[PDB]
Amino acid sequence: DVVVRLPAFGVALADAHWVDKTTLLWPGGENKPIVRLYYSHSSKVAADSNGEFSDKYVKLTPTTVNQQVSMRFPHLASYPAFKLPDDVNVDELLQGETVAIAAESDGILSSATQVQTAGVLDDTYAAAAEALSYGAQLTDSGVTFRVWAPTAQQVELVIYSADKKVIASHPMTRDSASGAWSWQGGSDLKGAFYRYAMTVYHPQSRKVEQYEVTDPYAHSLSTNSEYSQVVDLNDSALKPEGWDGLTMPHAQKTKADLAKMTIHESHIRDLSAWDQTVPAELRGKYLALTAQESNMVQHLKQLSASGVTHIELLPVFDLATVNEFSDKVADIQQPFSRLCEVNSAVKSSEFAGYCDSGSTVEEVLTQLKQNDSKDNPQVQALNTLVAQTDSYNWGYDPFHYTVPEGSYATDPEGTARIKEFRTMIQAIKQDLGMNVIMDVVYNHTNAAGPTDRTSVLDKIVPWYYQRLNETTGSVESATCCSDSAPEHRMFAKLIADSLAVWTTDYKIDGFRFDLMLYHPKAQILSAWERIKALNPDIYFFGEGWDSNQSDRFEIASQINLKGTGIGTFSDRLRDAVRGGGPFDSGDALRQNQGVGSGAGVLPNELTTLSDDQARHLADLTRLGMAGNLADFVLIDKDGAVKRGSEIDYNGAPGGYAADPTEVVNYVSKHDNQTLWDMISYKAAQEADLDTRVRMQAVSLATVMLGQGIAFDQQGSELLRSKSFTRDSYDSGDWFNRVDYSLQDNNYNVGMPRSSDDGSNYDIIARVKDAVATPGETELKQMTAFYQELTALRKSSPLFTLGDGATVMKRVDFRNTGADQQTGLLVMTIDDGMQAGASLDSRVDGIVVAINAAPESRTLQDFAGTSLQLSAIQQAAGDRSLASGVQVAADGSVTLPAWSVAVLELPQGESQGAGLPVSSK
Ligand SMILES: OC[C@H]1O[C@H](O)[C@H](O)[C@@H](O)[C@@H]1O
Ligand SMILES: [Ca+2]
Ligand SMILES: [Ca+2]
Ligand SMILES: [Ca+2]
Ligand SMILES: [Ca+2]
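Structure, rendered in structure tokens:
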């Protein structure tokens, strides 16, 4: 056997992949005579002083990739394949560093690279490891700790006292079949803090690292997640009174049940950070939801009574971007002096002069408003510094997937947060009458590598839980941060086990997957199958659409999830009604008007939108109101008969769903500009304040009165503004403010962050002061419009049919084709004899008319049909979106500008003719 030696001829990159027991995929070994897999247990492979590689190695022989490997890693199927002998001691090699080396016949090195072992790890240990349970599993009879670390050389369980002093370090017992380590002790360990002391090779640093890491299956933590804690979530001491009997206020069993879902996407701080009627110690906490006397809680109670059915919570799992040690945090309601003591950047800034002042941070920000402008964005200048050390962040930064966030609890030390979180869930369901959905972020981790404080998974099993670049081994960042690998068996299991805890132990009713398309379709479905065993009515849905992982596996996208029952946010109606797209900047923000802001019918001074383009948006909007079904048949802008899949959406088929319950419509969400800020960017100069409020309502009407599940951002009913901020994840209490005292909508409170919106300062300055800023009058008006819409949505089962086939049999549209009155959306829902059975004993049909235009419009296609205005809208009088609507003798219906009318055909002795869907 020749000896590999030197003639930059050392280990470089990591483009070799050990995908299974005997297969090694590596481009560098092609056509090369000598292909080997060198390995070193405790050392870094490298040529010795003599220039030779004298470390142990295994001989690799050319081969052809097998079907099994090709299916698992399609993106690597083209790589030159090499086989290892069947007697290779895989386990021992995986305990240290392995490097693939290739050299010419003469033995002169041609290339050497590191090896990515995720594949062989799954092939060798996954099945055995999947059959076990992980974490500190405490029962009243004892505890069993288990952690998966197939490559670690040593793992010790370190037990800490409450004061964080080591009271014991136990070497764990490794299971050869699974590669998991365990340790069994007595129940006296209940409540104890612990960490796993790892001795493991990390490919990134190429060294056998030695560090203590928290449990990835942690179910309790110390302040700021420094230590994991042994806990039995079943303990009655961790449950509010009557917890076990908590039931879901809204059904989610049938598709009809699901269709009634009306979501209010909220954030723990956005809800109570500014509410002075919420006890001070509960502001920005889970428990604020229990302050029945507060403006915020009373507001949500009324929304629920009016038709909002679900509260969706932005990250409430353990996020990493907020320091849980209160002494290290300063918020705007506190003295500027406090800010200076915890934030050295502020103390060294142009604002240092405020340090020894007697002002609070918010008082300073308030005074900076008058002289704030595009040329002097001082409000955001100060806020950007405040953001570094405040209590604010959306939290899409996973630290621990199965422990509640600590900063939202009154006491982040230990188990305390568990009961408070549950108390909140109970309050929402029991006292506010709404189901709860949790935003989950399994698509990435906050960090990876062997050094970052928040790198947990990548420290315990390096290069396994993260998705890596095929050539460099670098952790990918397409998600934003440290991309995870849901396609790997043990991470898929971690996800499913995690969801099981939130479902069973925290009684969560549904989960919204962040960037769900970075997950394999099969993995999402498998997780749903597992969770349905715990809660048969659990609902799964998600978003993303920037995919790019299709080369590795079939992704969980809108298209691929058709007919599966897994929901996806639809960006079709969203874009059509809001106008433009999320990538717009500068003038495009104003030019790209939407149906909700007058596309075509009320053009601003910059837009070039044609009537045809405006009508195309109307096609996308109507399709969306019908559940954005692939097979829904409608008449398009040109009078052509088209299926939803035939309506174009920027190059892709518009309609993609099988059932409306697989589609979540919306016109505002936590990310991107608020609906009001978009209307402010797009509205024509002549559109006055009152008109803009109606535009907000008309925009929301397309969602609320549609067949798809309805979703909306907390505060849309209050014309919520972020002062034009596009991405407010770290913009603090200032820009994310929601005022439940109803004084204003937080519009015009300073130019938004320059780093992300600086390119929009020009357009902002030009449109910002077009009209007055909303006040109590406008907020109360909008809340009334909003509650009317949600009340209408639940006023009849016809609005939420659930089944795609039923929608196709009952839903149709009028005012379509080339001779249509632009901006007028007229949707009919049949309940007559031709539709089948009467689902609503009070009506034979319903007509939804949304006049998104500055003209009054008259409908003549319902003449002699005895159409009547909804009792709900009649009851609202001149405060209704239907104020001014006229139902004449001849049967014609006239709608005022920017109005919404829900009309019905009263049912007589028997089911009537209704509004049959026309043959197309
Ligand atoms: O915290 C991770 C990410 O969260 C949200 O997606 C923010 O929009 C983004 O800016 C940030 O990088
Ligand atoms: Ca945290
Ligand atoms: Ca912050
Ligand atoms: Ca890729
Ligand atoms: Ca009926």
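Numbering (PDB author numbering), first residue to last: 32 to 38, 171 to 1083.
C-beta: ideal position from N, C-alpha, C; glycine also.
Consider the C-beta atom of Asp481 and the heavy atoms of ligand 2; say whether any pair is separated by less than 6 Å. The residue labelled residue 481 in the question sits at position 318 within the sequence shown. It does: the Cβ of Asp481 is within 6 Å (strictly closer) of some heavy atom of ligand 2.
Considering only heavy atoms of ligand 1, does any lie closer than 6 Å to the CB of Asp553? The count along the sequence shown starts at 1 and reaches residue 553 at position 390. No - ligand 1 has no heavy atom lying nearer than 6 Å to the Cβ of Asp553.
Excluding five sequence neighbours on each side, which residues of the same chain lie with their C-beta closer than 8 Å to the C-beta of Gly742? Start at 1 with the first residue of the sequence shown, and residue 742 comes out as number 579. Around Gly742: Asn755, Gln756, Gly757, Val758, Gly759, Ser760, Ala762, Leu780, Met841, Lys845.
Alpha carbon to alpha carbon, how far is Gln551 from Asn506? Mapped onto the sequence shown, residue 551 falls at position 388. Mapped onto the sequence shown, residue 506 falls at position 343. Cα to Cα, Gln551 sits roughly 8 Å from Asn506.
Sequence ranges, alpha helix (DSSP H) only - wholly within the stretch 280-357, length at least 4: Fully enclosed alpha helix (DSSP H) runs of 4 or longer: 281-284, 290-293.
Which ranges does the alpha helix (DSSP H) cover as unbroken runs of at least 4 residues, wholly within the stretch 890-926, from first to last along the chain? Listed in chain order, they are 895-899, 917-920.
Inter-residue spacing [alpha-carbon to alpha-carbon] between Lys972 and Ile992: Mapped onto the sequence shown, residue 972 falls at position 809. Mapped onto the sequence shown, residue 992 falls at position 829. Distance between the alpha carbons of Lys972 and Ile992: 9 Å.
Cβ pair count under 8 Å reaching 3, the stretch 282-295 against the stretch 648-659: In short, these stretches touch, since the Cβ pair count reaches three.
Determine the extent of the alpha helix (DSSP H) in which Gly730 is found, giving its start and end residues. Along the sequence shown, one-based indexing puts residue 730 at 567. Careful: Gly730 lies outside any alpha helix (DSSP H), inside the beta strand (DSSP E) at 730-732.
Any heavy atom of ligand 5 inside 6 Å of the beta-carbon of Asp993? Translated into positions along the sequence shown, residue 993 becomes position 830. Checking every heavy atom of ligand 5 against the Cβ of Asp993, none is found closer than 6 Å.
Which residues neighbour ligand 5 when neighbourhood means a C-beta less than 7 Å away from any of its non-hydrogen atoms? List them by chain order. Taking each Cβ in turn, the ones that pass are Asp994, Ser1001, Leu1002, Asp1003, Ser1004, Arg1005, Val1006, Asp1007, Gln1070, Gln1074.
Which residue or residues does DSSP assign as beta-bridge partners of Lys370? The sequence position of residue 370 within the sequence shown is 207, counting from 1. DSSP output for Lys370 lists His365 as bridge partner(s).
Separation of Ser720 from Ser713, as counted between CA atoms: Here the question's residue 713 lines up with position 550 in the sequence shown. Here the question's residue 720 lines up with position 557 in the sequence shown. Each residue's Cα considered, the two are about 10 Å apart.
Starting from the C-beta of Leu1044, find all residues in its chain whose C-beta is less than 8 Å away, skip the five residues before and the five after it, and write them out in chain order. Locating residue 1044 in the sequence shown gives position 881, counting from the first residue. Excluding residues within five positions, the ones whose Cβ falls inside 8 Å are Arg857, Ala860, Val861, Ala864, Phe948, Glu951, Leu952, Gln1036, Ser1062, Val1063, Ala1064.
Out of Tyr357, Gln496, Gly726, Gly705, which one is the CA nearest neighbour of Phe732? Within the sequence shown, the letter at position 569 stands for residue 732. Looking at the Cα atoms, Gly705 is the closest of the given residues.
Compare the Cα-Cα distances from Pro403 to each of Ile588, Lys491, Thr472 and report the closest residue. Stepping through the sequence shown from its first residue, residue 403 is reached at position 240. Here the closest residue by C-alpha is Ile588.
For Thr425, the first and last residue of its enclosing beta strand (DSSP E): Here residue 425 is taken as the residue at index 262 of the sequence shown, counted from 1. For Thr425, the uninterrupted beta strand (DSSP E) run begins and ends at 425-429, by DSSP.
What are the complete alpha helix (DSSP H) segments, minimum 4 residues, inside the stretch 769-838? If we require 4 residues or more, the alpha helix (DSSP H) runs fully inside the stretch 769-838 come out as 774-788.
Uninterrupted beta strand (DSSP E) stretches inside the stretch 661-719 (no shorter than 3 residues): Entirely contained in the stretch 661-719, the beta strand (DSSP E) runs reaching 3 residues are, in chain order, 673-676, 702-705.
Would you grab the beta carbon distance between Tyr357 and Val393 for me? Rounded to a whole angstrom, and I think it's under 8 Å. Working through the sequence shown from its first residue, we reach residue 357 at position 194. Working through the sequence shown from its first residue, we reach residue 393 at position 230. About 7 Å separates the beta carbons of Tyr357 and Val393, which is inside the 8 Å limit, making them a contact pair.
CB-CB length for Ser350 against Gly298, believed under 8 Å: By 1-based counting over the sequence shown, the position of residue 350 is 187. By 1-based counting over the sequence shown, the position of residue 298 is 135. Contact between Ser350 and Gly298 does not hold, since their C-beta atoms are separated by about 16 Å, which reaches or exceeds 8 Å.
Kindly examine ligand 3 and report whether one of its heavy atoms sits closer than 6 Å to the Cβ of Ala550. Locating residue 550 in the sequence shown gives position 387, counting from the first residue. Yes, since a heavy atom of ligand 3 falls inside the 6 Å radius drawn around the Cβ of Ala550.
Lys222 (DSSP reduced to helix, strand or coil): The residue labelled residue 222 in the question sits at position 59 within the sequence shown. Note: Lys222 maps to strand in three-state DSSP.
What number of angstroms, rounded off, separates the C-alpha of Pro196 from the C-alpha of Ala315? Along the sequence shown, one-based indexing puts residue 196 at 33. Along the sequence shown, one-based indexing puts residue 315 at 152. The alpha-carbon atoms of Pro196 and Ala315 are separated by roughly 33 Å.
Quick one: what's got a C-beta closer than 7 Å to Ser922's C-beta in the same chain, skipping five residues either side? For the purposes of this step, residue 922 is identified with residue 759 of the sequence shown, where counting begins at 1. The answer, listed in chain order, is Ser748, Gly749.
In terms of alpha-carbon separation, which member of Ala850, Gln1070, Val901 lies closest to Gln877? Mapped onto the sequence shown, residue 877 falls at position 714. Out of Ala850, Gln1070, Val901, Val901 has the C-alpha closest to the C-alpha of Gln877.
Residues near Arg501 by beta carbon distance below 6 Å, same chain, minus five either side: As a first step, residue 501 must be located in the sequence shown, where it is residue number 338. Excluding sequence neighbours, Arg501 sits near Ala493.
When burial is assigned at 16 or more other CB atoms within 10 Å of the CB, is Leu200 buried or exposed? Reading the sequence shown from its first residue, position 37 is the one you call residue 200. Answer is buried; the Cβ neighbour count reaches 16.
Does the beta-carbon of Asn609, which I'm using as the reference point, lie nearer than 6 Å to any heavy atom of ligand 3? Translated into the one-based positions of the sequence shown, residue 609 becomes position 446. Not so, every heavy atom of ligand 3 lies at least 6 Å from the Cβ.
Between residue 117 and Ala1015, which are expected to be in contact by the criterion C-beta below 8 Å, what is the C-beta distance as a whole number of angstroms? In the model shown, the chain runs from 38 to 171 with nothing in between, leaving residue 117 without coordinates.
Are the stretch 568-579 and the stretch 847-855 touching, with three or more C-beta to C-beta distances below 8 Å? With the rule of 3 Cβ pairs closer than 8 Å, the stretch 568-579 does not count as touching the stretch 847-855.
I want to check one thing, is the minimum distance from the CB of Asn556 to the heavy atoms of ligand 3 below 6 Å? The residue you call residue 556 lines up with position 393 of the sequence shown. For ligand 3, a non-hydrogen atom lies closer than 6 Å to the CB of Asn556.
Taking Cβ positions, are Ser959 and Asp1003 nearer each other than 7 Å? Counted from its first residue, the sequence shown places residue 959 at position 796. Counted from its first residue, the sequence shown places residue 1003 at position 840. Yes, they are a contact pair.
Keeping to the same chain, check which residues put their C-beta closer than 7 Å to that of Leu697; ignore five residues upstream and five downstream. Counted from its first residue, the sequence shown places residue 697 at position 534. Closer than 7 Å at Cβ, skipping near neighbours: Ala663, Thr666, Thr667.
Mind checking whether the beta-carbon of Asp494 lies closer than 6 Å to any heavy atom of ligand 3? Along the sequence shown, read from residue 1 onward, the residue named residue 494 stands at position 331. Between ligand 3 and the CB of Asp494, the shortest heavy atom gap is not smaller than 6 Å.
Could you tell me the boundaries of the alpha helix (DSSP H) in which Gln465 lies? By one-based count along the sequence shown, residue 465 stands at place 302. Start and end: 458-469.
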